[PDB]
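Written below as structure tokens is the structure these notes are about.
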Amino acid sequence: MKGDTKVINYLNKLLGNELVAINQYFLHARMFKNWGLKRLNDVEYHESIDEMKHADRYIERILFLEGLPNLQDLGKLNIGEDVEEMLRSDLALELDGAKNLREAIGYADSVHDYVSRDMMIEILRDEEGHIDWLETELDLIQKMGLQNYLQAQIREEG
Amino acid sequence: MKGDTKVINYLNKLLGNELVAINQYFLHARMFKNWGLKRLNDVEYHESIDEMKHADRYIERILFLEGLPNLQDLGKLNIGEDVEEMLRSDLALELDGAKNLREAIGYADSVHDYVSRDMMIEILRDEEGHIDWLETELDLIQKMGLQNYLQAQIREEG
Amino acid sequence: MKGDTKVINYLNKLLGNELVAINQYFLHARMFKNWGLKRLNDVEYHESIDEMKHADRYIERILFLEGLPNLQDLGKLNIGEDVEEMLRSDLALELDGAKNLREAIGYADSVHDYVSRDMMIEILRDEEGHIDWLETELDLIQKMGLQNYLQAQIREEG
Amino acid sequence: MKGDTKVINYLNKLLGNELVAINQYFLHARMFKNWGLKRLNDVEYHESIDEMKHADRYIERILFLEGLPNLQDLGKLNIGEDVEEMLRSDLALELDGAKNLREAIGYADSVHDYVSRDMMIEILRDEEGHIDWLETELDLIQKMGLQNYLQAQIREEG
Amino acid sequence: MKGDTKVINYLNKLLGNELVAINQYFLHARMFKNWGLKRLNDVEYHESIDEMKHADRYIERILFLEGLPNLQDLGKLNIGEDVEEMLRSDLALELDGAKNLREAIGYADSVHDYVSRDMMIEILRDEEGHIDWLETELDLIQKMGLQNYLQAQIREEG
Amino acid sequence: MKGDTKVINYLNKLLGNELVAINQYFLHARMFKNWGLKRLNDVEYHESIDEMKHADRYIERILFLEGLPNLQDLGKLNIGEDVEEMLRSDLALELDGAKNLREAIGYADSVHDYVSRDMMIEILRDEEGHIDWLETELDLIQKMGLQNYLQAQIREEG
Amino acid sequence: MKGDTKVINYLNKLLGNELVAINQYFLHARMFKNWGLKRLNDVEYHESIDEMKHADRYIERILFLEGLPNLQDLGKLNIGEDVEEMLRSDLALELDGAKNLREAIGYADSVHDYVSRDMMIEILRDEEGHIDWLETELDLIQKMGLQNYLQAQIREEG
Ligand code: HEM
Ligand code: HEM
Ligand code: HEM
Ligand SMILES: [Fe+2]
Ligand SMILES: [Fe+2]
Ligand SMILES: [Fe+2]
Ligand SMILES: [Fe+2]
Ligand SMILES: [Fe+2]
Ligand SMILES: [Fe+2]
Ligand SMILES: [Fe+2]
Ligand SMILES: [Zn+2]
Ligand SMILES: [Zn+2]
Ligand SMILES: [Zn+2]
Ligand SMILES: [Zn+2]
Ligand SMILES: [Zn+2]
Ligand SMILES: [Zn+2]
Ligand SMILES: [Zn+2]
Ligand SMILES: [Zn+2]
Ligand SMILES: [Zn+2]
Ligand SMILES: [Zn+2]
Ligand SMILES: [Zn+2]
Ligand SMILES: [Zn+2]
Ligand SMILES: [Zn+2]
Ligand SMILES: [Zn+2]
């Protein structure tokens, strides 16, 4: 079913955000794993799978709407070298992606693509969950201090 | 444990090959799925997961060896517009990647990184399985003709 | 709870679309069944049940909003005499119904009937699934040819 | 128990036939497997195991009768390069072996080796089953055409 | 995937070794079985199945590499007439085959056929297990004497 | 089967490394256990069992190759008096042993003892896992501080 | 709890006996295993594990009593080249160790270390079980002769 061209472009831009997050979350996860921070590996890996699910939804939607998913262009990763820096980088990325989502959702409505909109609202709800987790962890670092925060990451949560 | 620098560079190059294959296999899978070619979606999606597992092994190995995994640079995807063209593109990509693997495996041996070598031989064995599947499908297209080949893809295999 | 009058009129128009689709899908299903095209019977019958579920939702919603569901007026069926013609007819009907849905969803929003809107977005998501299935089948007919396509319909899919 | 010398010679000749069939069926099976013709691999591999069971019976019988099983001499394989050619080659081989079996069974009777005869009649019954399968497949190739025949081989039968 | 020609020749030579061992182990097994030496039948039959598995791996590998498996040429069997002689003959054969394996493994490495090499190292590991079993049995014959050794073979081991 | 003499000498040297590690890991484990550091006892004890498994493989391999395993000579233990010192000592020992392994693996290849090589590559893979664990723990001590690190050891991990 | 210094020295001497027995029993076990003497491997390996358990008890006791377990010094192994010689060597070693145990048990009593004594009496009871097994086997060799004795070792006991 031929979709609106600018909806497809938005879907590809949002797909691009997901592709960056997939990689950045996955590297961050395995860095934490390497450092023995088991709990942070489990969550960040899970965040990565979440983004893969989001990318898959975009790809299938773009294809249904008869567009060409773009998996060739990869935006900038900002990896970071310590726990706080990497968590903040994930947060900045989530925030920019949520901004793009809000723009796309408004636009899909105005051209009556209510199912692309509905999909995107579900994804944004997931993103705000990701934002909440990052914000909470970053605040915990400050509240209990880094040494205590790191000790709390060495065992996986049941 | 500080690894050999050129082994790490090879691991990053091989990781780069996997990142291209992950995306190309995943798009191809969902294109087939869109077209109703259920069987080709299932296999290509599975090939994609295989490459993700390979990428994960590289990332963890690079990190152990104290290098920086590179997930920022993404080589060229060659998507293709019809079944044969997309299968051939996956094959060309596999063949180039197997070539790089052979070079890396020889080099790891000469610097005594026998566990990076061992990991890479396991991965190459998987790649040759991927090559075999692609070659077989492409030959089946020619042998039974495209119409019959397409009809054989519409139901998933048990 | 007294609903908006024009929302009720939209709900009745959309109900009318569903009543046409229920009958056209059901006849098409049993035509396919008669012809031994088991797989097409199963899917079209299922599409028919889907439309019945949609009609039921409209009826219950209209009644809640204190309107009179209209099951008396039945729009034009376009049955068709061969597989392709009947599938295209179902597609044209789905496309017109999706158009009406988009109009109604926009209008419900402007009068703040957010639950009629929410119901209608769910239904449209189902309709786009129906559209996708029809488009895919029609493309498969062209790609594998009619004889092969027909052979692929004689056994039901597990 | 000292057997008749010419019965032992017949048993060794029949053993020789089985050794050829074991190898030819096994190669043919893996050629089909390589080509993605899963169904033909399964049946030909099974035919190969059948011949191994036949060879085992001959070996044990020759030994009981106090002869020397001959596994050293291997007659001519005729492999063939395409499906029809390889199936016909298996058929020609089965037909020659059935001929030898008929001769041996007649002879065993005339020297009162009724248990060698009984074993050989069971084996011939199996061989005629193998002949029937080959003849049927070859006729199916002609009836549905090679392209359709090949498409029908790509999935294993439950 | 077109393999190296000399690797294919090595694979065919190694296949040839396996074909000899399959037959020699299988005859030896049924000779032992005839003699009531149940335990030696079970192990030698098992060794025979092992060699069949090895031959199958070679055949599939040669075919993947686009060569022609050679099951036509059968090297010399050395059957032997008593337990010690037959066990020694199996040992001499294993030793020659291990020698050929070592040569082939070195060569596959030098042309970067690391998966043929990997397969062959697995097979050699199995062969050294076969060598160990033969050497052990032969030493047991000398240590406990032949009469005691034979008595120990008449019941199968749980 | 008579092995290469220098391979046997390497196997005995590597066995010697394992015998040192068995004892040093086992004492370290029970020191941690005494101190109430349950988690460190469990892992170090497990590392000790791993080394015992490695020693067993060497012993069995040396014996197969017809050499004399040397369990008489025991190299220097470096026990250490506090957690960090003992973990570093285990690390230094692992690193020297990995060095010896790399040398032996290269040599086994050059004399075509591919199964001793294969065994040793498996063992080295295990050793690099041991190295990774030690490095990670030592870095955790510095990152969270010793007091927090010690508190994290008092309960065993599920 | 600060133990008596001479008790700790006795515990270390007894530990030293156990470390010799662990190694000698383990090598003897794998020599028997190599020779196909399955039953002797199972028992000697088990005796080895028993000594490991004894060593562990000493180590934990020494540490509790605030001494330094000595795993660095390893007394003389006497391996032996044939079954009888190796069994006698294990026996001589057990006998010397039982002698040391008797001395230590008497001394622990005189300084009121009744729990070290109690532990040591349990260990001595185990040692006398080991002595009994060795004496019995050695007498069986003489009674049934070596050839019969060896034949009786080739299958493991249920
Ligand atoms: C590029 C770096 C990536 C890495 C390292 C990676 C890694 C992984 C791993 C380890 C898994 C678990 C395998 C399993 O399902 O059992 C997984 C699952 C999955 N991946 Fe990826 N992936 C990557 C990118 C992608 C991309 C680009 C997509 C496309 C949208 C994708 C889609 C999926 C999906 C749909 C699953 C299955 C989710 C589930 O059911 O658990 N991944 N990935
Ligand atoms: C030529 C003399 C041979 C004899 C007498 C023989 C005999 C047997 C027998 C009795 C079996 C057990 C049947 C079963 O699987 O239940 C067997 C299994 C098998 N044979 Fe043969 N065989 C011979 C040669 C070969 C050859 C040349 C190949 C080709 C590589 C081969 C491949 C196999 C395989 C793959 C199995 C199944 C293994 C398993 O899963 O148990 N055999 N053979
Ligand atoms: C010298 C100091 C040693 C100590 C204190 C020690 C201690 C232990 C203990 C407590 C166990 C657990 C018992 C069980 O299996 O339930 C064990 C297991 C074992 N040990 Fe030792 N051991 C030592 C040396 C050795 C040596 C030199 C070897 C020879 C290679 C060895 C081989 C084994 C094996 C094969 C196991 C069984 C592993 C399993 O399946 O859990 N050990 N050891
Ligand atoms: Fe989630
Ligand atoms: Fe796979
Ligand atoms: Fe449905
Ligand atoms: Fe059969
Ligand atoms: Fe085996
Ligand atoms: Fe481990
Ligand atoms: Fe015991
Ligand atoms: Zn996302
Ligand atoms: Zn997110
Ligand atoms: Zn890969
Ligand atoms: Zn691949
Ligand atoms: Zn509907
Ligand atoms: Zn519909
Ligand atoms: Zn037969
Ligand atoms: Zn047959
Ligand atoms: Zn073999
Ligand atoms: Zn073998
Ligand atoms: Zn080790
Ligand atoms: Zn280690
Ligand atoms: Zn003891
Ligand atoms: Zn003892």
Side-chain angles (χ1 to χ4, degrees), chain A residues 1-3 8 11-12 15-16 18-38 40-41 44-45 48-49 51-81 86 89-90 93, chain B residues 1-3 8 11-12 15-16 18-38 40-41 44-45 48-49 51-81 86 89-90 93:
Chain A
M1 190 188 82
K2 235 209 91 173
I8 296 159
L11 264 22
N12 263 323
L15 174 56
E18 305 294 351
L19 299 168
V20 175
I22 289 170
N23 287 191
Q24 178 168 314
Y25 276 131
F26 202 94
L27 220 205
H28 284 172
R30 308 274 107 130
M31 285 169 73
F32 295 140
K33 185 170 171 163
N34 185 261
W35 294 333
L37 279 17
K38 228 95 66 53
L40 254 23
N41 168 71
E44 292 262 299
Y45 173 85
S48 188
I49 305 310
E51 312 303 24
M52 295 180 208
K53 299 187 173 197
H54 295 164
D56 191 16
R57 290 177 82 180
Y58 288 123
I59 290 160
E60 290 192 355
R61 188 68 189 162
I62 294 162
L63 253 9
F64 170 61
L65 293 185
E66 299 179 24
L68 269 13
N70 183 356
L71 286 80
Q72 175 68 81
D73 306 319
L74 190 64
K76 209 208 169 150
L77 271 52
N78 180 21
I79 301 304
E81 295 169 296
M86 26 205 295
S89 178
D90 290 337
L93 186 64
Chain B
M1 190 189 82
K2 235 209 91 173
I8 295 159
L11 264 22
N12 263 324
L15 174 56
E18 305 294 351
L19 299 168
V20 174
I22 289 170
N23 287 191
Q24 178 168 314
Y25 277 131
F26 202 94
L27 220 205
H28 284 172
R30 308 274 106 130
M31 285 169 74
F32 295 140
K33 186 170 171 163
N34 185 261
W35 294 333
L37 278 17
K38 228 95 66 53
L40 254 23
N41 169 71
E44 292 262 300
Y45 172 85
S48 188
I49 305 310
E51 313 303 25
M52 294 180 208
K53 300 187 173 196
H54 295 163
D56 192 16
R57 290 177 82 180
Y58 288 123
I59 290 160
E60 290 192 354
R61 187 68 188 163
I62 294 162
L63 253 9
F64 170 61
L65 293 185
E66 299 179 24
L68 269 12
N70 182 356
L71 286 80
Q72 175 68 80
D73 306 319
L74 190 64
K76 208 208 169 150
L77 271 52
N78 180 21
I79 301 304
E81 295 168 297
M86 26 205 295
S89 179
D90 290 337
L93 186 64

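Every heavy atom of this structure was used, including side-chain atoms; hydrogens, water molecules and symmetry mates were not. Within every chain, numbering begins at 1; the chains are lettered A, B, ... in the order of the sequence lines, protein sequences first and strands thereafter.
Proximity to chain A is limited to the side chain of B:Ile59, based on heavy atoms less than 4.5 angstrom apart. With a 4.5 Å cut-off on non-hydrogen atoms, B:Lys76 touches chain A through its backbone and its side chain both. Interface remark: B:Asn34 contributes side-chain atoms only to the contact with chain A (heavy atom separation under 4.5 Å).
Judged as a salt bridge (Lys or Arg N to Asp or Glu O under 4.0 Å), and not counting sequence neighbours, B:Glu66 has no contacts. Partners of A:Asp73 under the salt bridge (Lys or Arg N to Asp or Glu O under 4.0 Å) rule, at least two apart in sequence or in another chain, do not exist in this structure.
Just one residue in the list A:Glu51, A:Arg57, A:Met52 forms a side-chain contact (heavy atoms from CB on, under 4.5 Å) with A:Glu18, and that residue is A:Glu51.
Comparing A:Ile79, A:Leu74, A:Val20 by how many heavy-atom pairs each has under 4.5 Å with chain B, the most go to A:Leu74.
Judged by the 6.0 Å and 45° rule, A:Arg30 forms a cation-pi pair with A:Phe26.
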